[PDB]
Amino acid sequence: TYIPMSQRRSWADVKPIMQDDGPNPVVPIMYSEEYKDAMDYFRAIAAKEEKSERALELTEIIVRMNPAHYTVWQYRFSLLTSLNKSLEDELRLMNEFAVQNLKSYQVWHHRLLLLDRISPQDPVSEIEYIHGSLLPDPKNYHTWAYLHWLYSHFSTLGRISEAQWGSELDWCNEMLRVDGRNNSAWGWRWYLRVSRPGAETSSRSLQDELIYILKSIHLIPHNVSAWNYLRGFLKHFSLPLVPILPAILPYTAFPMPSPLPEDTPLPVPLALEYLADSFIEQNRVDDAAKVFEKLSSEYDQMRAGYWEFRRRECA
């Protein structure tokens, strides 16, 4: 059975403080004895601003019961810094949390704070940890955002080498080979090749990128991720649509389409969108309107109103 904290020798000097909801609160939660007890003592600890080992132990007890308790996480990090605790041990504890399915945003933000404060000369091992955690959970939004932060933070400190950037692109390429429909990995590619300050921009760079994009489309013609990347790419670098049009025209009926792969019904709506936008680039507004009309009435009827709006824009 549970031993109440009022009966533990180690906590005898502490007078617990009750939760102050006022009278008859709405949305009250039925708490376990353990959680109520831990929180009653946390209220006392935090009120007196005690920075101790017992307070640290207590914060672990609580976050194991409620991983989303942001207040208790904030107090925990205050404790780690006041007591000058081993932050590497704490990272190991966060590793153990993941193994025990104790995941929550707060766990990941806590990792970020730890990485920032440890400030390792080389963050490779955390990069590899992130990679490993993405393998079974490949679209985890906050894990991808953490990867962006890690590279951005450590690169401003001058701590990401060219070899490291290179191995990261190799890893990203592999993620997209395993699932080309992984939009999270496309977003990471964009950071690696386009948006990050250290990214190379040359005629050969643009060439290489275009080749990769077109090849991706030809492999999976209905892949919205690859189309959006194509459109983002051309827009960002102010490149005209027309010279690439021969690679796209077969989907409306440099790497060219395959006989098309099986299970590729035509037209692909975003290929029509590309066609219409290229007509607009040429000031051929009537021809663009005609394509928008078809998207609206036949080929992408879920967006009938939007395509009609684009059609009206032309006339």
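Note that residue numbering begins at 1 and tracks the sequence as displayed.
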| request: Classify the number of deposited-sequence residues missing from the model between residue 258 and residue 259: none, 1 to 3, 4 to 9, or 10 or more. | output: 1 to 3
| remark: For the neighbouring pair residue 29 and residue 30, the stretch of deposited sequence with no coordinates amounts to none
| 177-185 versus 238-246: which one carries the higher mean Cα B factor per the record? | 238-246
| In the PDB record, does 281-289 or 61-69 carry the higher mean Cα temperature factor? | 281-289
| remark: Based on the PDB entry, the highest CA temperature factor among the options 151, 129, 229, 97 is that of 97
| message | According to the Cα B-factor stored in this entry, which of the following is highest: 103, 110, 139, 193? | response | 103
| remark: Split the chain's modelled residues into thirds by Cα B-factor; residue 253 lands in the highest
| Hey, what third does residue 86 fall into on Cα B-factor, ranked over its chain? | middle
| note | residue 216: C-alpha B-factor third of its chain, per the entry, is the middle
| task | Could you tell me which third, lowest, middle or highest, the C-alpha B-factor of residue 208 occupies within its chain? | result | highest
| query | Would the CA B-factor of residue 44 place it in the lowest, middle or highest third of its chain? | reply | middle
